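Architecture at a glance
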Amino acid sequence: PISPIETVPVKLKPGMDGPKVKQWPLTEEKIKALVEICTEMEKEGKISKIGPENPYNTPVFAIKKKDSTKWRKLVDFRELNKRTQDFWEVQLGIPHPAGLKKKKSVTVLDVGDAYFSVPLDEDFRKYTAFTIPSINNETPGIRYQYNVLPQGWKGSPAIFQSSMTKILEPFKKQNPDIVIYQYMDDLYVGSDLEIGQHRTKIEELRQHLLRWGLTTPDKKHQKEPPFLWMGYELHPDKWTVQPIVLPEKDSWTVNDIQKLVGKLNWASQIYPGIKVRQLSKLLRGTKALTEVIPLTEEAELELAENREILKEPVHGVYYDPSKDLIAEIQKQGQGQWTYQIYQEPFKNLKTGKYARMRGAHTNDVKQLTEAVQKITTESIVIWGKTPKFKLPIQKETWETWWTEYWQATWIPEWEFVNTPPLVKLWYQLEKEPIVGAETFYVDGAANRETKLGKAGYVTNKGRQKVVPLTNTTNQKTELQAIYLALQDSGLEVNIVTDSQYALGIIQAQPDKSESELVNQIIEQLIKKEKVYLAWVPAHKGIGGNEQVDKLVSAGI
Amino acid sequence: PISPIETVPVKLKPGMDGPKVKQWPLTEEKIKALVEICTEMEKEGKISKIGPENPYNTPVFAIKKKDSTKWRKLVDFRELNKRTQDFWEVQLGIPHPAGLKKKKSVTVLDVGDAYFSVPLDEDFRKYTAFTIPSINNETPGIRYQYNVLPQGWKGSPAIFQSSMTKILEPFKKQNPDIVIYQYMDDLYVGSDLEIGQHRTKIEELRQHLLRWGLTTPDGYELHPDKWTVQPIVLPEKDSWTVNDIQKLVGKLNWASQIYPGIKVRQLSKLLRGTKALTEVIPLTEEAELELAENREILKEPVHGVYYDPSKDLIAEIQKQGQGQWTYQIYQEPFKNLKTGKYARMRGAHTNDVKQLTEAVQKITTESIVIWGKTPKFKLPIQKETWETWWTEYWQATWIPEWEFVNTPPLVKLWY
């Protein structure tokens, strides 16, 4: 029932007042049920009837589909949640099972009517007020308010988690090696104790919880191996995610998109790449919970893809801190990386795939590094230690990359893993110019207003060339120009640009890029033998640069 | 311990709110440490546990001053600082002791423990809340908020100045040629003495503060007499290959932004044509005219450059080879206050983030010493890379502000 714990003091956002939202009439059979649900609720003190002086209000609704045979009352606190203070959601994310260690005896308790047992600041109560409409309209509105923590209210999770840690704190000190994990109404209890001596410790906890108003039902995962904890199944020696099933439907309401974003948010923690971006904006774009919203092509494509993601079955093994953590990385789809963190060979705790934008242009070893840096961090959150790394890049290749890259970089302890899709550097741009190699004094230009512009060289052999270009930028014609000097040239060449932009992109040894042209230049660069790119200031009387500009500039 | 004190009222700058910075994952060694440090810091009544109804947060991590010793808690108060009222006149310190840099020796002492005796405005306390993460998010973060002046804060030295000046008054009377400057949790002590007969006067201060109540840890040495500038230097292969003269007119065209007393003319003329880079062109005595002129003006202090207490100091670092880094401190672009070349990296220290992190620390002690302000850094690293490692090599009690960048050919223009 209502715990007798000290309530947490909640303030409204400064300046804002409480919600004063209108209750729209439902059906006389929904209403009767909302009155019925509300009497049972007041019978326990979860809510309390109010009078004509309270000025706030929150929309009441009744959802259709029964869950565990339950037809209930759904309140729309969307407005109170805009007005309630910010809370500080504590953790770095949700726990991950690969972080767990094998604990002889395990029990997973569920806190029945969790939110509704913890009480609410007497002062915040006036704000959670609502009203069950009247059937016979000659009868006014049946106004209530909460005393206990409401379901979709902003603070409830934050606070129940606060109330729970304090109710569990005394119990965790007396029994220090028994790990109690708490997240939502899923209480996980485990130890290296024997079943009888163990179940005593539990009864003691379920008893303790009882002294504090917390009901822990008979639906306790009595040590029967497949434990369902947080949408994962904890097998005696391995775990597996429970399948995340999304709603397939054509008629979506503000509420069902709302529920979904929530589920998607839940799932994004267990599976990566789960975007909520497009479905979310649909909630921004419409009010009333019952009204229907049509997915945009983007939202429906997002569902298709998230749903595609949630198709891959995830699994693994538990942690044994007495052993190292090894992490292995492989290259895949031109910027698709897969990794496995294991301890015993072939025995994976976690497995995942990294793939991220390393710029507009991108280099390969540069992506490897981004991969190592994201696994390190993920290992620290889950296990508190960095893994020893297993990487598909020769020792000396990395050397040559950090020796020549102008930015600082670092990859912690690793071993070379001789395996296909070896990450390497396709081309080494020369340091000093090559003797005798044709020298192309390159240049390009274009008009902001016409988009038309010229591009081309003038070599030391008198050769010249200027191509006319349409739909370009004063900056793309400078790369196009370096393209020409590479196409129309020997395996060895010595380009000269006045472009600071082109110099940076080409100097960083890109392996891929988003600028088709830039890709065209990478392919050329690899096919060559001795490239030497050099820079020189523009709009000046340098070398050929002085004469290539005139061909390329507009009114001289 | 805390003295019966009425608290100095402190408020956030107008308009701004308290910090809601997130906590970055910490290793198991650092968590175990911060949990210890705070259970005791709590028994001592210095920090108190808080609920989720305090929205604020600042990052906590742990460092280790030097080798093999005690973990020190370091709270990243950079954000709270930006949001705290810049105090009346009782500054963090006093009008900058211009003589601190001219000392043969400077020892840095952590006075941070002094702050734990003065209580902090009950209203402001909410804004100093921090959270200790838990491995695998098992234990929903341990949250605490300070009840006394926090060590990272900018307000502590501002509040605790009357005190510090009172504690130091005797020592400054006794030793009046021994310059002392306090930057936040550190006391920069400088004297023109012999290091061994310097390391005594320091311990007298160690023991004196100890008597007056300040438990300083049982000293970092700096000798700001040996500080030098790294100038812009021209090459040996002057006027040889065409390419060489292009690298030259490249470098000399940029400097004009700094000292416009340079000229390009007698070099670009040599550059006229569409010649091969590999060609050893003629070192004409008209060019040689430009060049020695050029060499000269580089070996010269810039004009218009003077420190202005009102603008931020900005530092730019460049990666330059085998454990070589160069840097620049300025306030208004091209008007450099200092330029130098940190270089002390090889083998065991041949880790780039370790190197960058120790350069960032020297450039920062040198600015505190020299100008009494920390610079805003433009770091030659990718956000994510620096962020997964800086706390493994940080040993300073302050953390400067930083921005991330991409170096073009400035590298070739500073070495």
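Residues numbered from 1 in each chain as written, not as in the entry; some residues may be left out. Chains lettered and ligands numbered in written order. Heavy atoms only, no water. Residues with missing side-chain atoms left out of burial classes, pairs and counts.

Looking at the PDB entry, chain B carries the name HUMAN IMMUNODEFICIENCY VIRUS TYPE 1 REVERSE TRANSCRIPTASE, with the source organism given as Human immunodeficiency virus 1.

Named according to the PDB entry, chain A is HUMAN IMMUNODEFICIENCY VIRUS TYPE 1 REVERSE TRANSCRIPTASE originating from Human immunodeficiency virus 1.

1. Description of the overall build of chain A
Note the threshold: Going along the chain from the N terminus, every DSSP run of H or I of four or more residues is numbered as a helix, and every run of E of two or more is numbered as a strand. Put simply, the radius of gyration uses C-alpha atoms, and a globule should come to 2.2 Å times the residue count raised to 0.38.
The secondary structure content of chain A amounts to 13 helices and 26 strands. Against the compact-globule benchmark of 24 Å for 556 residues, chain A has a radius of gyration of 32 Å, which places it well outside the compact range. Dimensions of chain A along its principal axes, counting C-alpha atoms only, are 100 × 65 × 40 Å.

2. Examining the pairing of strand β6 (residues 179-183) of chain A
Residue and element names in this part refer to chain A. Where we set the bar: The classification of residues rests on relative accessible area computed with a 1.4 Å probe and restricted to protein chains. Under 20% of the type maximum is buried, over 50% is exposed, and intermediate values are partly exposed. For two strands to be treated as a pair, DSSP must find at least two bridges joining them.
Among the 5 residues of β6, 4 are classified as buried, and the element is accordingly described as predominantly covered. The sheet contact formed by β6 and strand β7 (residues 186-191) spans 5 bridges and is antiparallel. Paired with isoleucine 180 across the bridge in β7 is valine 189. What sits between the antiparallel neighbours β6 and β7 is a turn of 2 residues, in which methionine 184 has the positive phi angle 60 degrees.

3. What to know about the pairing of strand β13 (residues 376-379) of chain B
Where a strand is regular, its side chains alternate between the two sheet faces. Residue and element names in this part refer to chain B. Going residue by residue along β13, you find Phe377 and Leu379 tucked away on one face and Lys376 and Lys378 left uncovered on the opposite face. Direction of pairing for strand β10 (residues 314-319) relative to β13: parallel, over a ladder of 3 bridges. Each bridged residue has a counterpart across the sheet, and for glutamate 316 the counterpart in β13 is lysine 378. As judged from the 3 bridges shared by β13 and strand β14 (residues 402-404), these two strands associate in the parallel manner. Note on β14: the bridge partner recorded for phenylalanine 377 is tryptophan 402.

4. Brief notes about the domain arrangement of chain A
The following threshold applies: Throughout, the edges of the domains are those of an automatic or database domain assignment.
For chain A, the assigned domains read domain 1 (1-90 + 116-156), domain 2 (91-115 + 157-225), domain 3 (226-319), domain 4 (320-426) and domain 5 (427-556). On a C-alpha basis, the centroid separation for the pair domain 3 of chain A and domain 5 of chain A is 49 Å.

5. Let's talk about the pattern of salt bridges
To be explicit about the condition: For this document, the term salt bridge refers to a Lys or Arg side-chain nitrogen within 4 Å of an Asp or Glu carboxyl oxygen.
A full pass over the atoms with the stated rule returns 37 salt bridges over all chains. For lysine 43 of chain B, the salt bridge goes to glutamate 40 of chain B, with nearest N and O atoms at 3.0 Å. With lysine 43 of chain B and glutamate 40 of chain B both in helix α1 (residues 28-43), this residue pair falls 3 residues apart, about one helical turn. Residues participating in the shared-partner salt-bridge network are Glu79, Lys82 and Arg83 of chain A.

6. Re the packing of helix α5 (residues 254-270) of chain A against helix α6 (residues 277-284) of chain A
Residue and element names in this part refer to chain A. This is how it is decided: To obtain each axis, a line is fitted to C-alpha atoms, and for helices this fit is confined to the stretch in contact; angles are then taken between N-to-C directions over 0 to 180 degrees. Less than a right angle of anticlockwise turn of the near helix away from the far helix marks a crossing as left-handed, whereas a clockwise turn marks it as right-handed. A contact between two residues is defined here by any heavy atoms of the two lying within 4.5 Å. Polarity classes work like this: nonpolar for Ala, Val, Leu, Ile, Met, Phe, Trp, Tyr, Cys and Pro, charged for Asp, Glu, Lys and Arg, and polar for all others, with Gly in that last group.
Put simply, α5 and α6 touch, their axes get as near as 10 Å, and they point 145 degrees apart. Note that α5 runs across α6; the crossing there is left-handed. Contacts between α5 and α6 involve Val254, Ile257, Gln258, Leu260, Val261 and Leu264 from the former and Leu279, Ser280, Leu282 and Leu283 from the latter. Across the contact of α5 with α6, the residue classes break down as 8 nonpolar, 2 polar and no charged.

7. Here's the deal with the sheet that holds strand β7 (residues 179-183) of chain B
Residues and elements named next belong to chain B. Reading across from one edge, β7-β8-β4-β9 is the order of the 4 strands in this open sheet, with antiparallel pairing throughout. Unpaired on one side and paired on the other, β7 and β9 (220-222) mark the two borders of the sheet. Each adjacent strand pair in this sheet contributes to an overall mean axis angle of 25 degrees, direction not counted. Packed onto the sheet, helix α4 (residues 161-174) meets β7 and β8 (186-190) and runs at close to 160 degrees relative to β7. Packed on one face of the sheet, helix α9 (residues 352-370) meets β7, β8 and β9 and runs near 65 degrees to β8.

8. Details of unusual backbone geometry
Peptide bonds are mostly trans, and most non-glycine residues show a negative phi. All names here are of chain A. Of note in the backbone geometry, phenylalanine 346 takes a positive phi value of approximately 70 degrees without being a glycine. The topology assignment puts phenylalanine 346 in the loop between β15 (337-344) and β16 (347-354). Phi is positive for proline 421, which is not a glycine, with a value near 45 degrees.

9. Some points on the side chain of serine 162 of chain A
When you line up the elements, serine 162 of chain A lands in helix α3 (residues 156-174). When sequence neighbours within four positions are dropped, the list of residues in contact with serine 162 of chain A reads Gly51 and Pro52 of chain B.

10. Section: the packing of aromatic side chains
Inclusion rule: Classification of ring pairs uses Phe, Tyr and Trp, with its six-membered ring standing for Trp, and accepts pairs whose centres are within 6.5 Å; under 30 degrees between planes counts as stacked, over 60 as edge-to-face, and the remaining range as tilted. We count a charge as sitting over a ring when the NZ of a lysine or the CZ of an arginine lies within 6 Å of the ring centre and within 35 degrees of the ring normal.
This model, assessed by the stated rule, comprises 36 aromatic pairs over all chains. Considering the side-chain rings of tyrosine 232 of chain A and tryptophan 239 of chain A, the 5.8 Å spacing of their centres and the 80 degrees angle between planes classify their relative orientation as edge-to-face. Residue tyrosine 232 of chain A shares its accessibility class with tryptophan 239 of chain A, and that shared class is buried. An aromatic cluster of at least three residues, connected via ring pairs, comprises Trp24, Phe61, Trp386, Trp390, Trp394, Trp398 and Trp402 of chain B. The aromatic ring of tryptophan 414 of chain A is capped on one face by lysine 395 of chain A, whose charged end is 2.9 Å from the ring centroid. In this arrangement the basic side chain of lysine 73 of chain B is found over the ring face of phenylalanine 130 of chain B, its NZ or CZ atom lying 4.4 Å from the centre.

11. Brief notes about the interface of chain B and chain A
Accessible area lost when the parts come together is the quantity often used to give the size of an interface. Rule in force here: Summed over both partners, the accessible surface that disappears when two parts come together, traced with a 1.4 Å probe, is what is meant by buried area. Any N or O atom pair separated by 3.5 Å or less is treated as a polar contact, with the protein-specific requirement of one donor-capable and one acceptor-capable atom, and with residues adjacent in sequence counted only for side-chain atom pairs.
At the interface, 65 residues of chain B touch 67 residues of chain A. Across the chain B/chain A interface, buried area totals approximately 5500 Å², and carbon plus sulfur atoms make up 54% of it. The interface formed by chain B and chain A contains 2 salt bridges. Close ionic contact of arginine 272 of chain B with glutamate 546 of chain A constitutes a salt bridge, the shortest N to O distance being 2.7 Å. On inspection of chain B and its partner chain A, the count reaches 28 residue pairs in polar contact. Every element with two or more residues in the side of chain B that touches chain A is listed here: β5 (130-132), α6 (242-258), α9 and α10 (383-387) of chain B. For the side of chain B that touches chain A, the element with the highest residue contribution is α6 of chain B, accounting for 7 residues. A class-by-class count of the residues in the side of chain B that touches chain A yields 25 nonpolar, 26 polar and 14 charged.

12. Considering the sheet that holds strand β6 (residues 142-146) of chain B
Residue and element names in this part refer to chain B. Judged by pairing direction, the sheet is antiparallel, and its 3 strands sit side by side in the order β1-β6-β5 without closing on themselves. Whereas interior strands pair on both sides, the edge strands pair on one side only; in this sheet they are β1 (47-49) and β5. Recorded for the sheet is a direction-independent mean angle of 35 degrees between the axes of neighbouring strands. Relative to β6, β5 is paired through 3 bridges, and the arrangement is antiparallel. Paired with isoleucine 132 across the strands is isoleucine 142, a residue of β6.

13. Structural notes on the nonpolar core
All names here are of chain B. What counts here: Nonpolar core, defined: a set of buried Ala, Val, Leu, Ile, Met, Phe, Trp, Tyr and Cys residues in which side-chain atoms within 4.5 Å join the residues together.
Ranked by size, the top nonpolar core spans 88 residues in total, and within it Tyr188 and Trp394 carry the most contacts. The element contributing the most residues to this core is α9, with 8 residues. Not counting chain neighbours up to four residues away, the residues in contact with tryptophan 394 comprise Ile63, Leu74, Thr357, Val360, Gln361, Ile399, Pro400 and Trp402.

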